[PDB]
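Shown next, in structure tokens, is the structure this report addresses.
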Amino acid sequence: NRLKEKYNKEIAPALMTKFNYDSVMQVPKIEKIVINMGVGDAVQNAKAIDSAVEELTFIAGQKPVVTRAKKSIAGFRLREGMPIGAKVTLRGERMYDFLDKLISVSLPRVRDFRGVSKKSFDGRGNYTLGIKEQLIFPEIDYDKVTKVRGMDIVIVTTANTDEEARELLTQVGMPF
Amino acid sequence: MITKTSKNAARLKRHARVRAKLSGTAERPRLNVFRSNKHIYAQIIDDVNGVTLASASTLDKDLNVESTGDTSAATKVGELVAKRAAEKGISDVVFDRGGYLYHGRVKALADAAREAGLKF
Amino acid sequence: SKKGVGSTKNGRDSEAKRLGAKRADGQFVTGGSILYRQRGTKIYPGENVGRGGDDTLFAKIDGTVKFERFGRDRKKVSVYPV
Amino acid sequence: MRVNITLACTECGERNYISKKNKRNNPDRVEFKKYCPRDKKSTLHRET
Amino acid sequence: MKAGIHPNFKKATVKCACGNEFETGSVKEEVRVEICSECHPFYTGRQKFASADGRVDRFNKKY
Amino acid sequence: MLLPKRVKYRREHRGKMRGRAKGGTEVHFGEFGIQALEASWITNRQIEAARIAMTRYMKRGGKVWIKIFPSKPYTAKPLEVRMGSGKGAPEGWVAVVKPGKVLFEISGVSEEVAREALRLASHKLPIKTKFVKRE
RNA sequence: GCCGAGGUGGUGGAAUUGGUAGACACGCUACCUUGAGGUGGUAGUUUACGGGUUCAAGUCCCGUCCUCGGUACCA
RNA sequence: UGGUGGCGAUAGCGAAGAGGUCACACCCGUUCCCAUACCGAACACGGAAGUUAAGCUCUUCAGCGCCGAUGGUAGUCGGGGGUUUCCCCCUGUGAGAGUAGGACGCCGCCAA
RNA sequence: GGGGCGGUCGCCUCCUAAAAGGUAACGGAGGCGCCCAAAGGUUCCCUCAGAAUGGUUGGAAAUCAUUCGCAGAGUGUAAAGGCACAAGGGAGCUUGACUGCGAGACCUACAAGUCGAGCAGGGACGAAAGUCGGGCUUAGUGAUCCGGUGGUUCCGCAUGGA
RNA sequence: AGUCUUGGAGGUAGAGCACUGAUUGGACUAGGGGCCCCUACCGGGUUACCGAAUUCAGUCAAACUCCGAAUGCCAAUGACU
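Residue numbers (the authors' numbering), protein chains in the order written: chain F, 2 to 177; chain O, 1 to 120; chain W, 11 to 92; chain 1, 1 to 48; chain 6, 1 to 63; chain M, 1 to 135.
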């Protein structure tokens with residue numbers, strides 16, 4: 002709730018008069034957040050899928066999809082199927098809640114934390130957080146952690162060029 | 001970037017899937033449905049002649065409704081479709097739900113035309 | 011001298027199946043008669059022509075036969091009455 | 001392996017049908033409702 | 001939203017050991033935190049403890 | 001030994017030699033070239049011997065520019081074997097040379113040396129050939 | 001070049017897809033015994049190759065290399 | 001303007017513009033119908049705070065794409081001749097490539 | 001291209017094959033003697049491979065978003081033909097992988113083989129229109145004789161049975 | 001039955017590279033070696049020693065077609081013969 006009001010009131014006039022848009026609708030909005038999991042031990046660890054079907058339901062209560070491999074790879078011992086990786090897409094109120102979890106609460110707990118990279122924008126206006134330790138925001142509970150499998154967060158704006166997505170995500174609260 | 005295609009582009013595609021299997025023949029004219037945000041529209045089309053025979057819209061200042069986008073607006077425009085289809089006597093017609101479900105305002109149109117006397 | 015090498019390995023071949031036009035353009039054609047034996051749809055069914063289970067194009071009604079075209083680069087059989 | 005399957009009726013007991021199935025992908029005795037021309041209706045059939 | 005599949009979400013009154021409170025919506029109704037942002041010392045400019053501690057040995061000639 | 005590294009079908013028909021060449025009828029990579037006045041099959045070894053004669057006479061070649069490559073294989077049954085029982089095993093590779101096809105070219109070298117260089121190339125070829133300047 | 005056969009540890013060599021640097025007999029290494037050797041006693045070292053199939057590969061399959069032999073030019 | 005059709009992208013792509021009171025939309029939410037292998041993104045159910053930026057229309061233009069001659073040529077039916085794994089001549093036919101150019105919408109129907 | 005050896009014997013796809021169809025050789029290549037209870041039916045949905053970037057362990061290449069991609073992918077399986085209105089992908093519901101047929105056609109010496117609108121009986125899906133008599137088409141198979149099994153207002157050596 | 005007019009199906013000869021294979025050279029070009037320097041194979045420094053993928057320009061194909069004949073073939077339509 003609070004990040005929407007922060008976004009509207011503080012950000013939309015400031016970003017609108019910072020980048021001089023020809024309409025109110027050109028102002029970029031964070032549309033969706035995609036949480037990749039990328040568990041490839043489903044082949045080698047048949048139970049492991051429940052790991053991050055267990056964990057990513059607790060990471061965000063939208064249950065991730067047990068996603069399947071679309072092409073057979075012989076070097077990985079894997080036919081089409083044998084499902085690989087979980088996936089959350091996120092738009093609504095929980096997503097500004099999730100960036101509220103990331104910015105203000107979680108990103109201190111990165112145990113080697115510095116400026117997360119400026120050079121992680123694709124050239125279109127979208128961002129990914131590459132996570133190496135799956136316990137960052139306090140729900141994850143070391144007690145309930147054996148497999149350390151991290152996470153990929155894909156923050157997707159509606160930005161047409163890239164540095165205005167930069168100036169969006171700096172102003173929302175992501176440090177760099 | 002992220003860009004999405006329109007409702008209208010996917011709607012015309014999902015309509016063009018529908019159009020391969022039913023057309024506005026003689027004595028089964030095609031009863032088409034368009035679903036604007038603020039109104040709803042319904043034509044009765046011959047596809048051999050390329051001519052719509054009867055028509056009814058909620059964009060009619062006569063016999064207006066308040067909400068105009070409600071399911072009751074769709075029921076009133078469906079009975080108007082069938083009423084104009086009764087005044088020019090086709091009496092038997094084939095329902096084109098146009099790239100939509102058979103669910104809401106479209107199903108309200110269709111149920112209203114089935115009640116008022118268009119034999120789908 | 012006759013030094014022995016054998017084993018062609020390539021004798022066999024399948025039996026010729028007679029795909030292609032069985033009726034022509036402007037031909038009078040009764041109902042149910044095969045207009046075009048094919049594999050795939052090299053030519054599509056148009057008006058009053060049905061595509062079979064072995065995707066042959068057959069005529070549903072009596073009438074003349076026309077091979078028109080489907081616009082861009084694509085053909086069509088259609089049977090019209092008189 | 002793939003086995004030839006007769007599908008005998010239950011209302012009539014008459015055989016009337018054959019299709020094939022696996023002994024491994026379908027290890028149990030399979031049943032369908034088909035048309036019994038003695039019963040002149042749709043009837044549950046049964047592998048025998 | 002599918003019913004019976006997702007866990008619940010209540011208004012999380014996220015605390016911190018520095019006392020700073022914040023509001024989100026989570027699985028947990030209330031969350032206790034040991035280090036928030038405003039508690040973490042990197043956000044608070046040049047910190048007291050670790051920047052006063054992280055002085056390398058000044059070539060201990062003294063005696 | 002110019003060899004295509006891979007061929008779809010190792011045994012092809014012998015084809016026919018009629019009509020002029022589709023292309024390469026004119027010299028544009030080099031300065032001085034050699035056309036075929038007749039049609040033939042030129043094997044690996046004729047391009048080898050001609051190109052070696054070219055390189056040995058020019059003694060420092062600007063560019064040598066071989067336009068024909070032996071794509072077609074020709075098969076041959078072994079010696080003293082009756083007819084039939086399959087096509088023979090492949091022995092060699094052949095460039096098909098239609099009439100009016102620029103075979104070799106020369107750049108950066110004067111006209112008389114190019115004449116005599118393409119002449120030593122021409123006496124290794126089965127064809128009647130002529131010298132061709134750039135137009 | 002063609003056909004047929006085998007390519008394991010230093011050696012000869014068994015292994016019907018199911019655990020082998022080796023399971024079996026020798027060598028080999030470290031120790032013991034003996035004055036010092038031998039015998040004897042104790043412990044110890046990826047299947048010609050590369051790419052698959054498989055939950056599992058020496059094995060099943062596709063290709064490359066080597067050696068035995070038969071089948072040829074020639075002396 | 002909005003919907004719906006036929007016509008071979010001469011309709012396209014791409015580039016630069018303009019328009020909103022109506023109209024189509026972008027939008028605002030899910031309380032019920034419905035939905036999302038995840039999710040009001042979609043699909044549905046509703047609304048009208050603002051938005052001409054996008055779709056949408058409406059102009060130009062030949063950068064890619066498309067259509068595309070005439071001539072000439074390769075080929076070839078038929079006749080003929082030669083040193084005949086080929087070549088030449090005659091009557092008729094006649095590409096492909098390349099081009100000059102055409103083209104960034106024509107034509108219907110219905111509702112405003 | 002003497003006979004033996006080798007190789008082959010039936011069916012499907014391409015090239016030979018000469019722009020209908022056909023067409024031979026011990027011509028060039030390949031496959032078949034099946035698989036699938038969903039890999040069938042219908043309804044509703046929807047779009048592929050790669051590349052460039054952002055991304056731990058993730059590697060050249062799993063999964064992710066993100067633009068560009070009317071086609072290389074996919075199509076159970078050789079190969080051809082065909083397909084993005086899907087024939088390619090999902091999910092629900094399902095058994096038409098129905099019975100009696102079948103005007104008329106293709107094919108062909110025959111035996112055979114293939115296509116078939118439509119009708120009736122009963123259903124499946126769908127609101128309906130409709131579609132469904134297996135799969136994307138073409139391979140996945142063999143006559144008769146003799147026996148087995150199941151069912152039948154059939155006959156049954158004088159009659160009733162057998 | 002022939003021929004003229006007309007409508008079709010079919011993709012060879014030819015041609016072209018738009019697929020699929022083959023393939024000549026130049027331009028760059030991640031990278032693989034080799035001379036080595038020290039040195040945790042770490043960081044590099046070079047070479048006209050090879051180069052995957054990009055581009056321009058050229059070739060070729062029975063099982064390659066963005067294309068496409070002349071003929072032959074199937075017809076109808078009249079016309080004669």
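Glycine included, C-beta positions come from ideal geometry on N, C-alpha and C.
Which stretch, first to last residue, makes up the beta strand (DSSP E) that contains residue 165 (chain O)?
Outside the modelled stretch of chain O, which goes from 1 to 120, sits residue 165 (chain O), for which no answer is possible.
Alpha carbon of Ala87 (chain F) to alpha carbon of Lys64 (chain F), nearest angstrom
Locating residue 87 (chain F) in the first sequence gives position 86, where the first residue counts as 1. Locating residue 64 (chain F) in the first sequence gives position 63, where the first residue counts as 1. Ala87 (chain F) and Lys64 (chain F): Cα-Cα distance of roughly 9 Å.
Verify the CB distance criterion: does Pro65 (chain F) have a CB-CB separation below 7 Å to chain 6?
Counting from one through the first sequence, the residue named residue 65 (chain F) turns up at place 64. So, not an interface residue.
Using a Cβ-Cβ distance under 7 Å, would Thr18 (chain W) count as near chain M?
Residue 18 (chain W) sits at position 8 when you count from the first residue of the third sequence. Judged by the 7 Å Cβ criterion, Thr18 (chain W) is in contact with chain M.
Sequence-distant residues of the same chain with beta carbon closer than 6 Å to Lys77 (chain M), five excluded per side:
The count along the sixth sequence starts at 1 and reaches residue 77 (chain M) at position 77. Closer than 6 Å at Cβ, skipping near neighbours: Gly88.
Below 6 Å CB to CB, which residues in the same chain sit around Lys119 (chain F) once its five sequence neighbours on both sides are set aside?
Taking the first residue of the first sequence as 1, we reach residue 119 (chain F) at position 118. Cβ within range, chain order: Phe177.
Quick check: what's the CA-CA separation for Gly50 (chain O) versus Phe77 (chain F)?
Here residue 50 (chain O) is taken as the residue at index 50 of the second sequence, counted from 1. Here residue 77 (chain F) is taken as the residue at index 76 of the first sequence, counted from 1. About 58 Å.
Are any of the Cβ atoms in chain M nearer than 7 Å to that of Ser11 (chain W)?
Here residue 11 (chain W) is taken as the residue at index 1 of the third sequence, counted from 1. Answer yes: the Cβ-Cβ gap between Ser11 (chain W) and chain M drops below 7 Å somewhere.
Interface residues of chain F around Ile2 (chain O) at Cβ under 8 Å?
In the second sequence, residue 2 (chain O) corresponds to position 2, counting from 1. Neighbours of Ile2 (chain O) on chain F, chain order: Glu32, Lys33, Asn127, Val157, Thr158 and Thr159.
Expressed to the nearest angstrom, what Euclidean distance is found between the alpha-carbon atoms of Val27 (chain 6) and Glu140 (chain F)?
Working through the fifth sequence from its first residue, we reach residue 27 (chain 6) at position 27. Working through the first sequence from its first residue, we reach residue 140 (chain F) at position 139. Taking the straight line joining both Cα atoms gives about 8 Å.
Apart from the five residues on each side of it in sequence, which residues of its chain come closer than 7 Å, Cβ to Cβ, to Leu29 (chain W)?
Within the third sequence, the letter at position 19 stands for residue 29 (chain W). Cβ within range, chain order: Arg47, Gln48 and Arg49.
Could you list which residues in chain W have their beta carbon closer than 8 Å to that of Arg82 (chain M), in chain order?
The count along the sixth sequence starts at 1 and reaches residue 82 (chain M) at position 82. Ordered by position in chain W, the residues that pass the 8 Å Cβ test against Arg82 (chain M) are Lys12.
So which residues of chain 6 does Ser118 (chain F) contact, with C-beta pairs closer than 7 Å?
Your numbering for residue 118 (chain F) matches position 117 in the first sequence. Near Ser118 (chain F) there are no residues of chain 6 at all, since even the closest Cβ is about 16 Å away, more than 7 Å.
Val96 (chain M) and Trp41 (chain M) look like a contact to me (Cβ under 8 Å); what is the Cβ gap, rounded to whole Å?
Numbered from 1 along the sixth sequence, position 96 holds the residue referred to as residue 96 (chain M). Numbered from 1 along the sixth sequence, position 41 holds the residue referred to as residue 41 (chain M). Yes, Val96 (chain M) and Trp41 (chain M) are in contact; Cβ-Cβ is about 6 Å, under 8 Å.
Which two residues bound the contiguous alpha helix (DSSP H) that contains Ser51 (chain 6)?
In the fifth sequence, the residue the question calls residue 51 (chain 6) occupies position 51. Where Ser51 (chain 6) is concerned, the enclosing alpha helix (DSSP H) stretches over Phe49 to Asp53.
I believe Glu38 (chain M) touches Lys128 (chain M) by the beta-carbon criterion, under 8 Å. Please report the beta-carbon distance rounded to the nearest angstrom.
As a working mapping, residue 38 (chain M) is identified with position 38 in the sixth sequence. As a working mapping, residue 128 (chain M) is identified with position 128 in the sixth sequence. About 6 Å; that satisfies the 8 Å criterion.
I want to see whether chain F comes within less than 7 Å of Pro41 (chain 6), judged by CB atoms only; does it?
Taking the fifth sequence and counting its residues from 1, one reaches residue 41 (chain 6) at position 41. No, because no Cβ of chain F sits closer than 7 Å to the Cβ of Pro41 (chain 6).
List the whole-angstrom C-beta distance separating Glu79 (chain O) from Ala112 (chain O), where the pair is believed to meet the contact cut-off of C-beta under 8 Å.
Stepping through the second sequence from its first residue, residue 79 (chain O) is reached at position 79. Stepping through the second sequence from its first residue, residue 112 (chain O) is reached at position 112. With 8 Å as the limit, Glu79 (chain O) and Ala112 (chain O) qualify as a contact, their Cβ atoms being about 5 Å apart.
Proximal residues, the region 49-83 of chain F versus chain 6, C-beta separation under 7 Å:
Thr58, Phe59, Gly62, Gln63 and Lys64
Could you give the first and the last residue of the continuous alpha helix (DSSP H) run that contains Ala116 (chain O)?
Within the second sequence, the letter at position 116 stands for residue 116 (chain O). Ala116 (chain O) -> alpha helix (DSSP H) spans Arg105 to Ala116.
Would you say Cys18 (chain 6) faces chain F, with C-beta separation under 7 Å as the test?
Counting from 1 along the fifth sequence, the entry for residue 18 (chain 6) is found at position 18. So no, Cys18 (chain 6) is outside the interface.
Looking at the structure shown, is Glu105 (chain M) part of a helix, part of a strand, or coil, going by DSSP?
Counting from 1 along the sixth sequence, the entry for residue 105 (chain M) is found at position 105. In this structure, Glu105 (chain M) counts as strand in the three-state DSSP scheme.
What beta strand (DSSP E) runs, 3 residues minimum, are completely inside the region 31-94 of chain M?
32-36, 40-43 and 72-75
How big is the Cα-Cα spacing for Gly99 (chain O) and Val33 (chain O)?
Within the second sequence, the letter at position 99 stands for residue 99 (chain O). Within the second sequence, the letter at position 33 stands for residue 33 (chain O). Whole-angstrom Cα-Cα distance: 9 Å.
Cutoff 7 Å: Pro29 (chain F) Cβ touching any chain 6 Cβ
The count along the first sequence starts at 1 and reaches residue 29 (chain F) at position 28. No, its Cβ sits nowhere closer than 7 Å to a Cβ of chain 6.
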